[PDB]
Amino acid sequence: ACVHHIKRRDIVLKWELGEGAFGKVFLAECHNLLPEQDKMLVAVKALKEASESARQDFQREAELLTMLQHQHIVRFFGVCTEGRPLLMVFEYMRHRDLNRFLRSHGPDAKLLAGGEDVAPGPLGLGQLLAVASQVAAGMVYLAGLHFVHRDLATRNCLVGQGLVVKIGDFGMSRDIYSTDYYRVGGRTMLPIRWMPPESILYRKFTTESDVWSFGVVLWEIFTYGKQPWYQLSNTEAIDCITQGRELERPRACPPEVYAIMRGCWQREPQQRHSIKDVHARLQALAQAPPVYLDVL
């Protein structure tokens, strides 16, 4: 109802960028979208099924995405519901999702990994903190709106040119991340490795469970995208989480940044730091002078 609409003629599909079980994303030109840019590139999502349910979920995602538009939430330009197929039009983010980006600039990266956008070699402390800070700011906004994400992970963040990082949600049906979910029969899937004890045990998801998940995202960032509890099966991960075991400090993570993770991982939800306090801490370190960060 409140969604911006884009005329079908104004969208010109170029080629497929990627897909999940239920959706495909295309690169496209979109014209008369932004005035200063007669023709810009966008990412266009189309459904891979019809009849009723997914079309409801389409307009659900649309109204939600419009409501949640903010500087570090994925940018949504609107819909094309003029006939079929139904299309959702997103800002194009060249470096794709944050987990891919992290893995392609990890401990073994060298000169080749550098580009117009990012330095060669492994992402430096300054850059890792800048990424962490942007994700935290997005979570601050969502906590402000009392939106509970429930699947916060680097795989669900996008990275654009300039290394602008924004929080999205691709659902749980990309083959490449099937391993990041524990499938409970037909119920269906849970990102247990990112979930706090009270979510695993009591099936409660709150703003405080999101702070825990952000703690795990912070860990992902400083391990350059490796899966949490990678050494464990799903049931062994559930055992470890519920019994209070904690992810170890990443090699690239200074003790002070680890203190922030652990503050997200307080067993009792009310004892966890607020996301706004986490963001404040991370932004300070992100913006701190090289002289300070070099001995951090």
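One rule holds for the numbers: they count along the sequence shown, beginning at 1.
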Could you check the entry and say whether 11-19 or 284-292 has the higher mean CA B-factor?
284-292
Between the two ranges 190-198 and 80-88, the one averaging a larger CA B factor in the entry
80-88
Pick out which of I241, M40, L247, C253 has the highest C-alpha B-factor in the PDB entry.
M40
Highest recorded Cα temperature factor - choice among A237, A46, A50, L27:
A50
When the modelled residues of the chain are sorted by Cα temperature factor, does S178 land in the lowest, middle or highest third?
middle
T154 - Cα temperature factor, lowest/middle/highest third of chain:
lowest
Using the temperature factors of the C-alpha atoms in this entry, rank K204 within its chain: lowest, middle or highest third.
middle
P122, C-alpha B-factor rank within chain (lowest, middle or highest third):
middle
Assigned third (lowest, middle, highest) for the C-alpha B factor of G185
highest
